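Novice: Just dropping this structure here.
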Amino acid sequence: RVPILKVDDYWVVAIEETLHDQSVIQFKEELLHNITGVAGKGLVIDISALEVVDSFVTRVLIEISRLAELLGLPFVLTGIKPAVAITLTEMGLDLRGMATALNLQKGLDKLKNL
Amino acid sequence: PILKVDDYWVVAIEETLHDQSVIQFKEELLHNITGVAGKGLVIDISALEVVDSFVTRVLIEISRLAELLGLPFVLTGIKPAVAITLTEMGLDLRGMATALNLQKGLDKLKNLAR
């Protein structure tokens, strides 16, 4: 549903605009199942297609940031905005101590200086 | 907050723990993991360089809460230093399962179900 790709041992995900809460969860459960079952070098998630953010999206994004930090998985969030960065820092995302990039490419490159 | 991967509950623990009561903590943890039961519970104390009497108390309590719920259980992220202390203060570690990090613990909790 939400496609999880893997490009050169890196996990790559782009989140589009959603309606069913229950596909984000299908995505999160699926992603967290993937990044634990077999080895990886990092995880880039792009949220450029999202013009706003639920607390639901915000808290799933926090959940994956905290679990990758626990798995020693480099994590980059990309495609961030005005009306996203603000609510993200609001609901509790340490954006300043988080690896962030402008697009899917800058993130891949950023998961590679390490 | 609380994390969950693969039907497995994960409590990551930080030095900000000393700011509620053990009892408030147990009531908080039971709110989260008894709603829908899990196949297990991983407690991560990797963020702990220093353990005191309060922490050992919680760890002792949570480990017991777990089995009371019929819940398989790994204590992960123990500095070899913060582990003698824990046992000196009453955490019978020999009885319970331990793992290096969230990953090895997750692997132990499930590669024990095959």
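Chain identifiers are assigned as A, B, and so on, following the order in which chains appear in the structure tokens; residues are numbered from 1 within each chain, and ligands are numbered from 1 in order of appearance.
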May I have the residues of chain A within 7 Å of chain B, counting only C-alpha atoms, written as a PyMOL selection string?

Specialist: chain A and resi 29+32-33+36+63+70-71

Novice: Applying 10 Å and only C-alpha atoms, which residues near range 108-112 of chain B remain after dropping the ones on its own chain fewer than 2 positions away? List them as a count of residues only.

Specialist: 18

Novice: I want to know what sits within 7 Å of range 10-26 of chain A, based on only C-alpha atoms, with residues of the same chain fewer than 3 positions away left out; could you give that as a ChimeraX atom specification?

Specialist: /A:2-7,29-30,40-47,49-50

Novice: Can you tell me, as a PyMOL selection string, which residues in chain A count as alpha helix (DSSP H) by DSSP?

Specialist: chain A and resi 21-37+55-71+85-90+104-110

Novice: Env of range 91-94 of chain B: 10 Å cut, atoms = only C-alpha atoms, seq-sep filter 5 positions within chain, self excluded. Answer as a list in words.

Specialist: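 Result of the neighbour search: residues 56, 57, 58, 59, 60, 61, 63, 75, 83, 84, 85 and 86 of chain B.
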
Novice: Now that the selection is made, can you save its residues with C-alpha atoms as a compact mmCIF listing (two decimals), in the first residue's frame?

Specialist:
# COMPACT_ATOMS: atom_id res chain seq x y z
CA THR B 56 16.29 -1.13 40.46
CA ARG B 57 12.91 -0.95 42.18
CA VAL B 58 11.10 -0.25 38.90
CA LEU B 59 13.04 -2.93 37.00
CA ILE B 60 12.25 -5.45 39.74
CA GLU B 61 8.58 -4.42 39.62
CA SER B 63 9.93 -7.82 35.47
CA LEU B 75 16.04 -6.82 29.78
CA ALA B 83 24.43 -4.82 36.11
CA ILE B 84 26.41 -5.77 39.23
CA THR B 85 24.80 -2.80 40.93
CA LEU B 86 21.33 -3.96 39.88

Novice: Give me, as a PyMOL selection string, all polymer residues having an atom no more than 12 Å from residue 82 in chain A, counting only C-alpha atoms and skipping those fewer than 5 positions away in the same chain.

Specialist: chain A and resi 48+50-53+87-89

Novice: Measuring atom to atom with only C-alpha atoms, identify which of A:57, A:31, A:39, A:108 is nearest to residue 73 in chain A.

Specialist: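 Looking at the shortest contact to residue 73 in chain A, the residue is A:39.
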
Novice: Quick one: distance from CA of residue 106 in chain A to CA of residue 78 in chain A in Å, one decimal?

Specialist: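 A separation of 8.3 Å between them.
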
Novice: Please identify the strand (DSSP E) residues within chain A (assignment by DSSP from backbone atoms) and present them as a ChimeraX atom specification.

Specialist: /A:4-7,10-14,42-46,75-78,99-101

Novice: For the atom pair CA of residue 35 in chain B and CA of residue 34 in chain A, what is the interatomic distance in Å to one decimal place?

Specialist: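 Calculated distance between CA of residue 35 in chain B and CA of residue 34 in chain A is 24.8 Å.
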
Novice: CA of residue 61 in chain A and CA of residue 91 in chain A, how far apart in Å?

Specialist: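 CA of residue 91 in chain A sits 10.8 Å away from CA of residue 61 in chain A.
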
Novice: Can you pull out every residue within 10 Å of residue 50 in chain B, counting only C-alpha atoms, but drop anything in the same chain fewer than 3 positions away, and send it as a ChimeraX atom specification?

Specialist: /B:15,47,55,79,81-82,85

Novice: Would you kindly return, as a list in words, each protein, DNA or RNA residue with an atom no farther than 9 Å from any atom of residue 107 in chain A, considering only C-alpha atoms and excluding same-chain residues fewer than 2 positions away?

Specialist: residues 43, 44, 45, 46, 75, 76, 77, 78, 99, 100, 101, 102, 103, 104, 105, 109, 110, 111 and 112 of chain A

Novice: B:62, B:51, B:113, B:17: which is nearest residue 29 in chain B, counting only C-alpha atoms?

Specialist: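 When distances to residue 29 in chain B are compared using only C-alpha atoms, the smallest one comes from B:62.
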